[PDB]
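What follows is a short report on a single structure.
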Amino acid sequence: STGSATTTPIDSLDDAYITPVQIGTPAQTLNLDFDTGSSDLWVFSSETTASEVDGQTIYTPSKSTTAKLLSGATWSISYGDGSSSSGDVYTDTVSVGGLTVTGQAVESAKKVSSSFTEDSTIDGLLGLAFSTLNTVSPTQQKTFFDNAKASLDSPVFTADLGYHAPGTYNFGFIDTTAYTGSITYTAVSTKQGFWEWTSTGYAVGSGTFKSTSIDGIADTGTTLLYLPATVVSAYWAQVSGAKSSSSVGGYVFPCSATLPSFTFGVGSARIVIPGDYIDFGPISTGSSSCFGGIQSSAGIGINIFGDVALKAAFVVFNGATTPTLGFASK
């Protein structure tokens with residue numbers, strides 16, 4: 001089997017992407033944030049504290065003839081941005097782009113933190129990291145991809161995120177019309193539960209490529225590109241007036257600037273992020289200070305190849321017995 005679904009930016013900055021997902025019988029369609037940096041499929045629901053729901057579409061398990069309470073199971077998750085959610089668990093039928101999994105754990109939120117409430121466009125998350133990170137207790141549950149894998153034509157999914165435009169998540173096949181050149185594959189460590197890999201270096205604008213190993217994660221659920229402070233300083237030094245602002249929380253730059261591109265290495269191959277992809281607009285409405293899309297990872301503990309990096313590529317998440325990542329230009 002295969003599936004193919006369009007993913008759409010939630011706003012004019014590409015702050016996140018939503019993909020429609022059918023849950024239950026009859027189908028309830030919710031727009032989920034596909035997140036290769038986590039491993040829980042959770043939704044706003046009829047069980048979510050009413051004051052914490054503000055415009056989201058909810059899953060109502062009592063209206064699904066295929067929903068079953070997973071008795072005793074609870075979940076609770078905290079994300080790198082400080083947001084969080086928790087609740088109980090149903091199993092139900094879940095379909096993405098025509099690919100159906102029966103018995104998928106659907107984690108129903110009883111509580112969500114303010115940032116989820118405040119984002120009316122995201123109805124939940126669909127985790128695509130390794131199932132070892134799933135938070136369901138006392139019986140850990142599998143991701144949608146893990147459940148589908150055996151049925152797929154090939155044990156892969158691909159992320160093709162758009163810049164200021166829709167893109168595609170495919171399951172079970174590699175669309176050879178969706179990229180240019182060849183796909184370069186690189187090794188993955190699953191030791192932390194992530195799609196963790198080592199970039200071979202970087203360049204700023206037209207500058208020379210610096211060969212240096214950068215370990216980080218391919219994370220569709222993170223907006224920006226988070227890299228070591230040395231790399232990030234080298235980038236922003238090429239933008240007149242750019243500075244790190246403790247009060248804003250990262251590098252800012254004059255909105256009048258034209259940003260240089262940023263290149264990252266995948267083996268001997270190179271992925272170029274155009275400068276425009278690094279502009280996240282005014283820090284507050286009407287400001288002439290703009291927020292940068294490349295930020296330091298120094299306070300995180302891990303480097304994160306988020307959407308800024310991934311949307312410059314066609315990315316293969318290869319879930320074979322030994323997983324690997326593939327990157328192609330497009």
Side-chain angles (χ1 to χ4, degrees), residues 9-17 37 79-83 115 118-119 121 161-165 167 199-242 244-266 270-313 327 329-330:
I10 65 166
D11 62 24
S12 64
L13 299 177
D14 298 348
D15 281 317
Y17 298 77
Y79 296 101
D81 66 354
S83 67
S115 64
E118 289 161 3
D119 182 4
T121 72
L161 303 177
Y163 168 66
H164 294 353
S199 172
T200 49
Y202 69 99
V204 175
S206 59
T208 61
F209 186 84
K210 175 71 170 181
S211 291
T212 183
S213 294
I214 304 168
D215 180 287
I217 66 168
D219 184 2
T220 58
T222 291
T223 311
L224 305 186
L225 174 53
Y226 294 87
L227 292 174
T230 49
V231 178
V232 175
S233 183
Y235 178 80
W236 289 109
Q238 298 304 311
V239 178
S240 294
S244 184
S245 167
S246 55
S247 58
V248 175
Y251 279 90
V252 298
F253 68 94
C255 293
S256 59
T258 301
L259 295 177
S261 64
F262 184 87
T263 300
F264 65 93
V266 183
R270 307 287 181 253
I271 299 295
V272 181
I273 305 171
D276 287 352
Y277 290 27
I278 299 161
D279 178 10
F280 279 74
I283 61 170
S284 298
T285 303
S287 179
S288 74
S289 291
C290 272
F291 197 68
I294 296 179
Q295 297 293 345
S296 178
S297 64
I300 297 180
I302 197 157
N303 300 305
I304 306 173
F305 294 86
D307 298 335
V308 162
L310 304 181
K311 72 193 183 180
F327 292 82
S329 294
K330 65 188 185 189

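Computation of the quantities below employed the complete heavy-atom set of this structure, encompassing side-chain atoms and omitting hydrogens, waters and symmetry-equivalent molecules. For this chain, numbers begin at 1 and follow the sequence in order.
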Q. Within a radius of less than 6.0 Å around NZ of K330, do more than 12 heavy atoms belonging to other residues, nucleotides or ligands occur?
A. yes
Q.
Applying ring-ring contact (aromatic ring centres under 6.0 Å, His included), can you list everything that pairs with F280, at least two apart in sequence or on another chain?
A. none
Q. Do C290 and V252 pass the side-chain contact (heavy atoms from CB on, under 4.5 Å) test, and can you show the C-alpha distance, the side-chain angles, and the key distance before you say yes or no?
A. CA-CA 5 Å; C290 272; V252 298; over 6 Å; no
(Q) Apply side-chain contact (heavy atoms from CB on, under 4.5 Å) to residues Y226 and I302 and explain how you reach the verdict. (A) CA-CA 8 Å; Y226 294 87; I302 197 157; over 6 Å; no
**Q.** For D307 against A16, the heavy-atom pair lying closest together
**A.** OD2-CA, 4.3 Å
Q) Are the side chains of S329 and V272 in touch, meaning some heavy atoms are under 4.5 Å apart? A) no
**Q.** For the student: nearest non-hydrogen atoms of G37 and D219, plus distance
**A.** N-OD1, 3.3 Å
Q | Heavy-atom check, side chain of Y17 versus side chain of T220, under 4.5 Å | A | no
Q) Is the closest side-chain heavy-atom distance between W236 and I278 below 4.5 Å? A) yes
(Q) With side-chain contact (heavy atoms from CB on, under 4.5 Å) as the criterion, how do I294 and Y251 come out once you've worked through the C-alpha distance, each side chain's angles and the decisive distance to 0.1 Å? (A) CA-CA 8 Å; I294 296 179; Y251 279 90; over 6 Å; no
(Q) For the CZ atom of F305 and the CG atom of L227, what is their distance to the nearest 0.5 Å? (A) 5.5 Å
Q | Sub-4.5 Å side-chain heavy-atom contact between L224 and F291 | A | yes
Q | Close side-chain approach of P274 to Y163, heavy-atom, < 4.5 Å | A | no
